[PDB]
Amino acid sequence: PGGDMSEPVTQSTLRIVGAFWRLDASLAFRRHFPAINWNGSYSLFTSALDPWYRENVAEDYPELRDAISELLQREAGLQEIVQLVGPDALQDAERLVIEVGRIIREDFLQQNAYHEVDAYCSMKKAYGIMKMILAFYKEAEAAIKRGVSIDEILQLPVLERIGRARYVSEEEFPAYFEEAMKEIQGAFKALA
Amino acid sequence: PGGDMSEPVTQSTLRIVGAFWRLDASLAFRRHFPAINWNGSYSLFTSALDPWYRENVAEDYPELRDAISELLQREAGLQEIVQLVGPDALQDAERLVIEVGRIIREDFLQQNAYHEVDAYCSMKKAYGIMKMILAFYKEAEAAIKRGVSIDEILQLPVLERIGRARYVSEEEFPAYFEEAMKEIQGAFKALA
Amino acid sequence: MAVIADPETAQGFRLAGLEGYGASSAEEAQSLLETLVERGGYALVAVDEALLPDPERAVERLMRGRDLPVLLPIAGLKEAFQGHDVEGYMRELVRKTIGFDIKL
Amino acid sequence: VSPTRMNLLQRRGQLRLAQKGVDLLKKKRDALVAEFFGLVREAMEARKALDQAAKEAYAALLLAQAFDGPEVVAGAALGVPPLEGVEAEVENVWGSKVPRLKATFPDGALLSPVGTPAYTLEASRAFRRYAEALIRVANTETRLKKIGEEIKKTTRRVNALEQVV
Amino acid sequence: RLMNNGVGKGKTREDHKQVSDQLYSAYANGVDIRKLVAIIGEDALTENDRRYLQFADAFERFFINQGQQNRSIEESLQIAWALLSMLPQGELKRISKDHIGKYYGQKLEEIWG
Amino acid sequence: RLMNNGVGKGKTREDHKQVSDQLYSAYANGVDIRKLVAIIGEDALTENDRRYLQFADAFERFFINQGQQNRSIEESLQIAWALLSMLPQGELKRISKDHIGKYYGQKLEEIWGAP
Amino acid sequence: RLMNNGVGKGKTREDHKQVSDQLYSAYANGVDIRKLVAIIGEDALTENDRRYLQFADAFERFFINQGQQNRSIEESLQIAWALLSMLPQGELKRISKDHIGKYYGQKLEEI
């Protein structure tokens, strides 16, 4: 009642369930769906499900998931400073984290329920998307370590492939991902 | 609960007690004992108690007490500018008041409960220490106004005796006090 | 570049490739420095302290938004023999800057 | 604000962030003060060297106009062309870009390399070093005044928080 | 909630849904940038930030404020596209390429002066 | 709250209390610097600050994050001293000189030389 | 609220009401000048703001801070006139023009 997460039914439910998926209004206003609050949700089933993932998705699925979780947490930590000084006052090493958090948010988390192909997403598709986001981020951090400005990194046109990947069909996806990985590699090794 | 003086118990108490002795952990963190904060504390019995002081301690005890309170007040009202730039960057008068404030709160306020002589102190002993410090500060103010640097002053030998006056017994204190006053007088002539 | 100073030093500035001139008054200096900073093909102009101590009060209105021409007070012809009180200047500077008189 | 327990928690979190922002701003301002005082010393040093370099050029121009021809000096003035290659490099100072002067200043290839003037020939050399001292003083004082502006900015922000928010 | 039952092809127009949510995204951005200006001042902004600020303002003053006139749906979508054309074509990330190609680029002065 | 009455010689190794206090102070400083270095950048930090930064990082990666290991008290004090060895001697203003002479200088060997 | 009935001609001295109003108004802007100088620099100053800060301080130190003494109405009014007299005319745009000359002379020198 009243969006109040402290009423007795919600609390009585917290102490029983295994996972907890918290919806927030601010995302729903933005028309950004599913609108799952990341900071307030949890799950107690991950560690017990890791053998299944290693055997059925990919041998390093748990590590990719953990790296994405760590990046989201670090960006959440930076948001506190972004709020009091403005986002242009950060160093480039942190603007990069802010931008990759924005990318993770609007290119991986978001999902179109009325689209004909984005409605259902297999798990190897999610693996591929996570893998190429992390590859891009690692390369971009390396390139910042070499004096490249944060602005031309945001203009690299492989971000279009990354942001469009989720609209590719489940049978058309492996070829797309194999092309995109080497295109990402070339986005930085070729500039030198 | 968490140190908030606004709860009803504390408010109900402070309306009917006559004195508040504010112990504080930040002082015992920097090795100040007893850890009574001299800024938040207060009392309401001083005016009523003045006659007994004049007749049993000394005819000027109240004025020395107010003078020490005033030195501490000024030294407190000066700390922010000391935090901003540091002690060495200040004037000669501000340096002098910082030094004399340190001397007060390290040779008069501070008291060692386990020392078999500093565990207790009379009223006349405390009056003697206050008078010693006020005399020294008057001399030093005259000197730096005259043209001596605070550095000759900080290394004066009379300091290690004005700061050692706590651990003298209650019988050997009148003699120690009179000869220390004569020494304070002497070191000034060398400044004249 | 440009310097608003005594024409006898102005020729020396010309020897240093720097056009200079002057007429020994604050008002005329402020008048023609308007053109000088409008015809500001250089990045810095100098003015003695005796013409007017602070060029900011003068060019601040016309240099608004623009930063290239830096303006500073420079020793004068009296200082050519006497000198200057450097530390008093720095100290009255830090006074207004960090709020108080320090480093004493 | 709608009064709910959830709102109370949110506001308390806001208060905590406000205090933990105030202290961070304070640390930044302390670093700025350290940098500023480190600059003030070299600033007054450049001012010192400029003062001791102005006397030299002044004295060299003095007798060159009187004890040499009172006209050869103006002839040298009309002789040498002006200098304009004073293109500046924009410079980063704590999240801001300020001008830094890199005047090219050619000396040797100009007209009349050696010739007749007796004291003028060398008095023209002194104003070179006078200009260098000028540009050093300018380059240090622009940075000093910039850092000062940043300090007053941050203290304004700290006061804003601690007194209103 | 029932909005998706009655829009789209075979109904109002095929670009209705995507125009709607693109407007939502751009307006949300404008409002957040207002919240930032309230702290770091308008001069400190970038260029795309000023474009979003301008979008929010013109949106409020031309698309919301109609005042007793009766607008058909085509007029409404026309105004929406004229307002969307302020943003760079590469930022309309919720609209497809063809709808962009055949509706982008109208100016507000043309609909009315 | 009772910690002080259960440590020291005869109960544990006698450097326990001061090592505890020193670890606390170092971690606090590291966290504050880690926040500031986002708006200043590491290049504008003094040297002791970069020391504290690296210390806090290694602290939460070797001391806290221990996994399912069963550490004795001696292994824990070893790791604490090997972490404190990052800061320059003389910065450890809580500890007394005897213990600093006795245990300083070790480097991270065991936590990566063993599981 | 009931002040306007109890003061003035025949009840107190004649100038009481206008003196009180001008005193309030003069203390009002001194405080806000002190508020603006508190954040922006005191470099951006004018000639009369100095007058007003000085007035605010002498006010708080002589008019308000009366210690334990017992002041009759006449000498309170005299102290108030003394504190006003260190502001030029035209700044005293609230008092009428006859006693603005009748009482303006004496300055704070009497303590």
# chains A, B, ... in the order shown; residues from 1 in each chain; ligands from 1

$ residues_around --residues "residue B:120" --least-positions-apart "2" --cutoff "10 Å" --atoms "only C-alpha atoms" --output "list in words"
residues 111, 112, 113, 114, 115, 116, 117, 118, 122, 125, 166, 167, 169 and 170 of chain B

$ write_last_selection --atoms "N, CA, C and O atoms" --output "short mmCIF file (atom, residue, chain, number, x, y, z; two decimals), in the first residue's frame"
data_model
loop_
_atom_site.label_atom_id
_atom_site.label_comp_id
_atom_site.auth_asym_id
_atom_site.auth_seq_id
_atom_site.Cartn_x
_atom_site.Cartn_y
_atom_site.Cartn_z
N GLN B 111 44.96 15.16 33.66
CA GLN B 111 45.22 14.67 35.00
C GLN B 111 45.30 13.15 34.97
O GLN B 111 44.42 12.50 34.41
N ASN B 112 46.34 12.59 35.58
CA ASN B 112 46.59 11.16 35.52
C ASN B 112 46.07 10.48 36.77
O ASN B 112 46.63 10.66 37.85
N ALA B 113 45.02 9.68 36.62
CA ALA B 113 44.37 9.09 37.78
C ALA B 113 45.22 8.04 38.47
O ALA B 113 44.94 7.70 39.62
N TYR B 114 46.24 7.51 37.81
CA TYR B 114 47.03 6.44 38.39
C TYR B 114 48.31 6.93 39.04
O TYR B 114 48.87 6.23 39.88
N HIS B 115 48.80 8.10 38.66
CA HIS B 115 49.94 8.68 39.35
C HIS B 115 49.58 8.88 40.81
O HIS B 115 48.51 9.38 41.14
N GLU B 116 50.49 8.49 41.70
CA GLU B 116 50.18 8.56 43.11
C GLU B 116 50.23 9.97 43.67
O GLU B 116 49.97 10.15 44.86
N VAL B 117 50.57 10.97 42.85
CA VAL B 117 50.53 12.37 43.27
C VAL B 117 49.57 13.18 42.42
O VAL B 117 48.92 14.11 42.91
N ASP B 118 49.48 12.88 41.13
CA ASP B 118 48.57 13.63 40.28
C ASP B 118 47.15 13.13 40.37
O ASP B 118 46.26 13.72 39.76
N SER B 122 44.41 19.91 45.07
CA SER B 122 43.64 20.80 45.92
C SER B 122 43.03 21.92 45.09
O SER B 122 43.10 21.94 43.87
N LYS B 125 46.38 24.31 44.90
CA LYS B 125 47.31 23.84 43.88
C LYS B 125 46.84 24.24 42.49
O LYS B 125 47.63 24.75 41.69
N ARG B 166 52.52 19.53 38.12
CA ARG B 166 51.44 18.67 38.56
C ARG B 166 51.94 17.64 39.57
O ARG B 166 51.30 17.41 40.60
N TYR B 167 53.09 17.05 39.30
CA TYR B 167 53.57 15.90 40.06
C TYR B 167 54.30 16.28 41.33
O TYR B 167 54.96 15.42 41.92
N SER B 169 54.26 17.30 45.33
CA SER B 169 53.36 17.01 46.43
C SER B 169 52.68 18.27 46.94
O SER B 169 53.05 19.39 46.59
N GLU B 170 51.68 18.08 47.79
CA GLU B 170 50.88 19.20 48.25
C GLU B 170 51.64 20.05 49.26
O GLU B 170 51.27 21.20 49.52
#

$ calpha_fit_rmsd --fixed "chain B" --moving "chain A"
1.0 Å

$ closest_residue --among "B:123, B:148, B:140, B:82" --to "chain D" --atoms "only C-alpha atoms"
B:82

$ residues_around --residues "residue D:54" --least-positions-apart "2" --cutoff "12 Å" --atoms "only C-alpha atoms" --output "PDB file with N, CA and C atoms, in the first residue's frame"
ATOM      1  N   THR C   9      60.907  53.856 -22.582  1.00  0.00           N
ATOM      2  CA  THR C   9      60.969  52.401 -22.552  1.00  0.00           C
ATOM      3  C   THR C   9      60.245  51.776 -23.731  1.00  0.00           C
ATOM      4  N   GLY C  12      62.603  50.801 -26.391  1.00  0.00           N
ATOM      5  CA  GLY C  12      63.309  49.582 -26.026  1.00  0.00           C
ATOM      6  C   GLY C  12      62.462  48.346 -26.250  1.00  0.00           C
ATOM      7  N   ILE C  74      53.402  46.209 -13.667  1.00  0.00           N
ATOM      8  CA  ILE C  74      54.833  46.056 -13.869  1.00  0.00           C
ATOM      9  C   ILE C  74      55.525  47.266 -13.253  1.00  0.00           C
ATOM     10  N   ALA C  75      56.761  47.055 -12.807  1.00  0.00           N
ATOM     11  CA  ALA C  75      57.533  48.110 -12.162  1.00  0.00           C
ATOM     12  C   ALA C  75      57.597  49.364 -13.030  1.00  0.00           C
ATOM     13  N   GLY C  76      57.648  50.525 -12.375  1.00  0.00           N
ATOM     14  CA  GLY C  76      57.664  51.802 -13.057  1.00  0.00           C
ATOM     15  C   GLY C  76      59.039  52.448 -13.088  1.00  0.00           C
ATOM     16  N   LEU C  77      59.043  53.744 -13.421  1.00  0.00           N
ATOM     17  CA  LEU C  77      60.304  54.471 -13.565  1.00  0.00           C
ATOM     18  C   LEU C  77      60.865  54.882 -12.212  1.00  0.00           C
ATOM     19  N   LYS C  78      59.990  55.098 -11.231  1.00  0.00           N
ATOM     20  CA  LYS C  78      60.462  55.272  -9.865  1.00  0.00           C
ATOM     21  C   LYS C  78      61.097  53.988  -9.356  1.00  0.00           C
ATOM     22  N   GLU C  79      60.496  52.843  -9.683  1.00  0.00           N
ATOM     23  CA  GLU C  79      61.077  51.567  -9.293  1.00  0.00           C
ATOM     24  C   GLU C  79      62.350  51.260 -10.067  1.00  0.00           C
ATOM     25  N   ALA C  80      62.638  52.029 -11.117  1.00  0.00           N
ATOM     26  CA  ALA C  80      63.870  51.835 -11.871  1.00  0.00           C
ATOM     27  C   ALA C  80      65.094  52.088 -11.004  1.00  0.00           C
ATOM     28  N   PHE C  81      64.931  52.861  -9.936  1.00  0.00           N
ATOM     29  CA  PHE C  81      66.029  53.159  -9.031  1.00  0.00           C
ATOM     30  C   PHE C  81      65.773  52.591  -7.639  1.00  0.00           C
ATOM     31  N   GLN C  82      64.519  52.624  -7.184  1.00  0.00           N
ATOM     32  CA  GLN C  82      64.230  52.219  -5.814  1.00  0.00           C
ATOM     33  C   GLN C  82      64.047  50.710  -5.704  1.00  0.00           C
ATOM     34  N   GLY C  83      63.135  50.143  -6.483  1.00  0.00           N
ATOM     35  CA  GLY C  83      62.781  48.740  -6.368  1.00  0.00           C
ATOM     36  C   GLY C  83      61.289  48.562  -6.142  1.00  0.00           C
ATOM     37  N   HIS C  84      60.943  47.444  -5.509  1.00  0.00           N
ATOM     38  CA  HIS C  84      59.549  47.167  -5.199  1.00  0.00           C
ATOM     39  C   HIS C  84      59.428  46.369  -3.911  1.00  0.00           C
TER      40      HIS C  84
ATOM     41  N   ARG D  47      58.878  36.966  -9.571  1.00  0.00           N
ATOM     42  CA  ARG D  47      58.778  38.411  -9.408  1.00  0.00           C
ATOM     43  C   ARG D  47      60.115  39.014  -8.990  1.00  0.00           C
ATOM     44  N   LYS D  48      60.837  38.333  -8.097  1.00  0.00           N
ATOM     45  CA  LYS D  48      62.172  38.775  -7.699  1.00  0.00           C
ATOM     46  C   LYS D  48      63.107  38.865  -8.895  1.00  0.00           C
ATOM     47  N   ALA D  49      63.183  37.789  -9.677  1.00  0.00           N
ATOM     48  CA  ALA D  49      64.078  37.785 -10.827  1.00  0.00           C
ATOM     49  C   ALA D  49      63.673  38.847 -11.837  1.00  0.00           C
ATOM     50  N   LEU D  50      62.371  39.057 -12.020  1.00  0.00           N
ATOM     51  CA  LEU D  50      61.932  40.129 -12.904  1.00  0.00           C
ATOM     52  C   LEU D  50      62.376  41.487 -12.386  1.00  0.00           C
ATOM     53  N   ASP D  51      62.293  41.702 -11.078  1.00  0.00           N
ATOM     54  CA  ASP D  51      62.722  42.988 -10.543  1.00  0.00           C
ATOM     55  C   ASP D  51      64.210  43.203 -10.782  1.00  0.00           C
ATOM     56  N   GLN D  52      65.016  42.161 -10.586  1.00  0.00           N
ATOM     57  CA  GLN D  52      66.455  42.336 -10.764  1.00  0.00           C
ATOM     58  C   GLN D  52      66.853  42.317 -12.237  1.00  0.00           C
ATOM     59  N   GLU D  56      68.572  46.075 -14.970  1.00  0.00           N
ATOM     60  CA  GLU D  56      69.624  45.934 -15.966  1.00  0.00           C
ATOM     61  C   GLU D  56      69.211  46.555 -17.297  1.00  0.00           C
ATOM     62  N   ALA D  57      68.040  46.174 -17.808  1.00  0.00           N
ATOM     63  CA  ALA D  57      67.582  46.725 -19.078  1.00  0.00           C
ATOM     64  C   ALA D  57      67.357  48.224 -18.975  1.00  0.00           C
ATOM     65  N   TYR D  58      66.853  48.688 -17.830  1.00  0.00           N
ATOM     66  CA  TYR D  58      66.644  50.116 -17.645  1.00  0.00           C
ATOM     67  C   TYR D  58      67.961  50.875 -17.730  1.00  0.00           C
ATOM     68  N   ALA D  59      68.983  50.401 -17.015  1.00  0.00           N
ATOM     69  CA  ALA D  59      70.278  51.071 -17.038  1.00  0.00           C
ATOM     70  C   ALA D  59      70.905  51.024 -18.423  1.00  0.00           C
ATOM     71  N   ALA D  60      70.729  49.914 -19.144  1.00  0.00           N
ATOM     72  CA  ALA D  60      71.311  49.812 -20.478  1.00  0.00           C
ATOM     73  C   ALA D  60      70.646  50.778 -21.440  1.00  0.00           C
ATOM     74  N   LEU D  61      69.346  51.008 -21.276  1.00  0.00           N
ATOM     75  CA  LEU D  61      68.681  51.976 -22.139  1.00  0.00           C
ATOM     76  C   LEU D  61      68.979  53.403 -21.698  1.00  0.00           C
ATOM     77  N   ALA D 123      71.880  47.300 -25.482  1.00  0.00           N
ATOM     78  CA  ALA D 123      70.660  47.635 -24.759  1.00  0.00           C
ATOM     79  C   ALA D 123      69.449  46.980 -25.404  1.00  0.00           C
ATOM     80  N   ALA D 126      69.151  43.586 -23.704  1.00  0.00           N
ATOM     81  CA  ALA D 126      68.624  43.522 -22.348  1.00  0.00           C
ATOM     82  C   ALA D 126      67.109  43.421 -22.336  1.00  0.00           C
ATOM     83  N   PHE D 127      66.439  44.130 -23.239  1.00  0.00           N
ATOM     84  CA  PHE D 127      64.990  44.073 -23.256  1.00  0.00           C
ATOM     85  C   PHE D 127      64.483  42.708 -23.689  1.00  0.00           C
ATOM     86  N   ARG D 128      65.301  41.921 -24.389  1.00  0.00           N
ATOM     87  CA  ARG D 128      64.954  40.521 -24.623  1.00  0.00           C
ATOM     88  C   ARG D 128      64.716  39.794 -23.305  1.00  0.00           C
ATOM     89  N   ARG D 129      65.719  39.811 -22.427  1.00  0.00           N
ATOM     90  CA  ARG D 129      65.590  39.144 -21.141  1.00  0.00           C
ATOM     91  C   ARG D 129      64.501  39.782 -20.297  1.00  0.00           C
ATOM     92  N   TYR D 130      64.299  41.088 -20.452  1.00  0.00           N
ATOM     93  CA  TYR D 130      63.180  41.735 -19.780  1.00  0.00           C
ATOM     94  C   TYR D 130      61.849  41.135 -20.222  1.00  0.00           C
ATOM     95  N   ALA D 131      61.700  40.873 -21.521  1.00  0.00           N
ATOM     96  CA  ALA D 131      60.472  40.260 -22.016  1.00  0.00           C
ATOM     97  C   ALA D 131      60.325  38.829 -21.517  1.00  0.00           C
ATOM     98  N   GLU D 132      61.430  38.085 -21.450  1.00  0.00           N
ATOM     99  CA  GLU D 132      61.343  36.728 -20.921  1.00  0.00           C
ATOM    100  C   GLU D 132      60.872  36.734 -19.475  1.00  0.00           C
ATOM    101  N   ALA D 133      61.429  37.629 -18.662  1.00  0.00           N
ATOM    102  CA  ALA D 133      60.985  37.721 -17.278  1.00  0.00           C
ATOM    103  C   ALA D 133      59.520  38.120 -17.200  1.00  0.00           C
ATOM    104  N   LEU D 134      59.088  39.026 -18.078  1.00  0.00           N
ATOM    105  CA  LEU D 134      57.668  39.354 -18.140  1.00  0.00           C
ATOM    106  C   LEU D 134      56.821  38.123 -18.410  1.00  0.00           C
TER     107      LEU D 134
END

$ select_by_dssp --residues "stretch 3-110 of chain E" --states "alpha helix (DSSP H)" --output "number ranges by chain"
E: 16-40, 47-58, 73-84, 97-103, 108-110
